[PDB]
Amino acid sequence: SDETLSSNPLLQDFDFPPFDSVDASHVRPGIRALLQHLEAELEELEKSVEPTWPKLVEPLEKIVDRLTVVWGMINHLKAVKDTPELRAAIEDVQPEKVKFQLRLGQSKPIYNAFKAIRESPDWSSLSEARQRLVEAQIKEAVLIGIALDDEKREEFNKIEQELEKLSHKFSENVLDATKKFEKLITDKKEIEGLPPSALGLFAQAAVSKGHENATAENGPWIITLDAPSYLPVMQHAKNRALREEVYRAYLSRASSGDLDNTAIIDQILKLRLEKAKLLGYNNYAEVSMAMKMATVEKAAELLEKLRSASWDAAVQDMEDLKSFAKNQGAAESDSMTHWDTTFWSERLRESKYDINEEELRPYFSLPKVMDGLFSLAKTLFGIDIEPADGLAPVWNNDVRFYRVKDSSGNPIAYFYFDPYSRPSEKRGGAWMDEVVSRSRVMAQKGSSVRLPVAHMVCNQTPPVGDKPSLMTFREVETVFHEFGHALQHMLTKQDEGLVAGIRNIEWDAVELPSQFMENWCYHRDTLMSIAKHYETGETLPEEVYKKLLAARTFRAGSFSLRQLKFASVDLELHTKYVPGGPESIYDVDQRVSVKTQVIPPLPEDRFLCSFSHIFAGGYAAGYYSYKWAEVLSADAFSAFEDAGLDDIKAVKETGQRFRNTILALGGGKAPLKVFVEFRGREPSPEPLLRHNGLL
């Protein structure tokens, strides 16, 4: 009670979202008031509409922007600060929000004005960015069913409504399943082989479930399914029965009982196919491809090319594991299973390259990783990044906030970073999200542009007691990856808000700058700038750097095949699979797996039930987007190799070109063209193969 509706934080004008003052109780009133105001604005827009920027595109952006920013902030809070009250609130307003998105998207007065712009006799004189914007709006309106008669339209809107609901449900079941599993270890024997770091984590966990005397050394241990817990078990637990139990629990998350995602998946695929037919396509993959660089055929070709290049290496990887385990006298070497792979891969990796993950950890502290990352961004792209904590409200005390400046000391962008695993309330994985776009229209009166703001979110090993977060090499690459996305959002030079940043970039190109950044983790100057012992300040020894380098291509065939399995199963489920029939999604999984993994999945494998990328994310008939863009990213990196990675002048010159093409142009130019503008030619898959030793 107590406060006026008009004082609701979601309804105020703000520079940075009020992330510290918004909670579940604000959502129904704020969102319902907002939608009433936006309906009225849309009516005014339709009434005055003309095929010009001031009468069409500017008032449209003002409507889309407000919805995107406010809904975006609520969805962000659901992903990092989930509560039952926030879920119920979002579920109660989500249909009204979707209804409004459909109303807006299906506006005939807006659509007809965009067609009149496209049909103008001097179209060729309109700027490329504005051409891209108009073409995108026309194509998007058709994809949201504007061409359908009123009865088919009704059916389309009902499908859209149900898909939004199922996707939210899918992600809640995954969070809930990951949260639910807790394994209390009391007998020190069962945990044999877990390193100190993991021990320190499962004991810190132990405390907050009761058992308050618990220590790393001795006191009891709770094992969970979030990655920083699950992975060390699979890499290190000498107890094979514990590996098998943790594996089977991980593999069956959200696949039975109240959290089952199976029927949700079945319903999602059914509806996706109905939608495709309403729009005149054969299957949903064709719908997905309408907005992508690829076609189903071209995507399939690339996957099959990479698969062919990876297969013999993957077979040899399996034989190498068997040989190694057998030479250790391990009884399971005669019948290696999925719960042995990670474990023996890590033993092999240790023996073959003489590197121990646990001993590397002191050299990879988050504060030093961030310092080195920012120093690299300065070198490549000319920007200065500094902490600005206090400037923007945040949702948790671990959240960092930074200001990005150009060479003259002028702010050009900001970002938040929420770095640590928090499985009680925070979605798994790692991602980047937009907060606000760079926009001329949304600028304050008297200033030329609203500066862009991004989110970076990771789920890395938390700090243990008082020390900083100590990371694995994989966690470092993940930070670089998400930073790559943030840079494309933040460094954009488009002021046309609807094509700025990452907007309107064909989805199979959005993984270009993120994967590109990961290459620099192996660049000597970059790695050495980061790798300072957290207590001691001593730089990582040269010979250790050399072993890290040698280990880069370890099991590249198997890692490649794993990604190709994910991409192929996605494509297959959205092309040939017909839901409702005798064949289950798990049968599809088995069939596709015959050519994309060296041994079959267990019959009890339910990895699909956690595959949020394609059931609660932007990658439906799109998971291949990672590999498609990795070809581009690898080849982009080879431009630096060509120029000379040992020549700081050449590195800065090439970096500036990258900054002024891939990072600057947003979706205001076709991605193949932006790439050619940077590279000097069309892309080749040779760099990607060479980098991973798969030529």
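All residue numbers are counted from 1 along the displayed sequence.
K.L.:
Can you tell me whether 110-118 has a higher mean C-alpha B factor than 331-339 in this record, or the other way round?
P.N.:
Result: 331-339.
K.L.:
If you take the mean CA temperature factor per stretch, which one wins between 240-248 and 490-498?
P.N.:
Of 240-248 and 490-498, the stretch with the higher C-alpha B-factor average is 240-248.
K.L.:
Whose C-alpha has the highest temperature factor in the PDB entry: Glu482, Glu386, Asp266, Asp389?
P.N.:
Of the candidates given, the C-alpha B-factor peaks at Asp266.
K.L.:
Compare the CA B factors listed in the entry for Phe156, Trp507, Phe181, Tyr522 and report the winner.
P.N.:
Checking the PDB record, the top C-alpha B-factor among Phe156, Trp507, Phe181, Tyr522 is at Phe181.
K.L.:
When the deposited Cα B-factors of this chain's modelled residues are ordered and cut into thirds, is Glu319 in the lowest, the middle or the highest one?
P.N.:
Highest third, going by the recorded CA B-factors of the chain.
K.L.:
When the deposited Cα B-factors of this chain's modelled residues are ordered and cut into thirds, is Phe615 in the lowest, the middle or the highest one?
P.N.:
Middle third - that is where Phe615 ends up once the chain's C-alpha B-factors are sorted.
K.L.:
Lowest, middle or highest third: where is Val399 by Cα B-factor in its chain?
P.N.:
It belongs to the lowest third of the chain when residues are ordered by C-alpha B-factor.
K.L.:
Considering every modelled residue of the chain and its Cα B-factor in the PDB entry, is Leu645 in the lowest, middle or highest third?
P.N.:
CA B-factor rank for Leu645: highest third.
K.L.:
Once the chain's modelled residues are ordered by C-alpha B factor and cut into thirds, is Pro683 in the lowest, middle or highest one?
P.N.:
For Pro683, the deposited C-alpha B-factor lands in the highest third.
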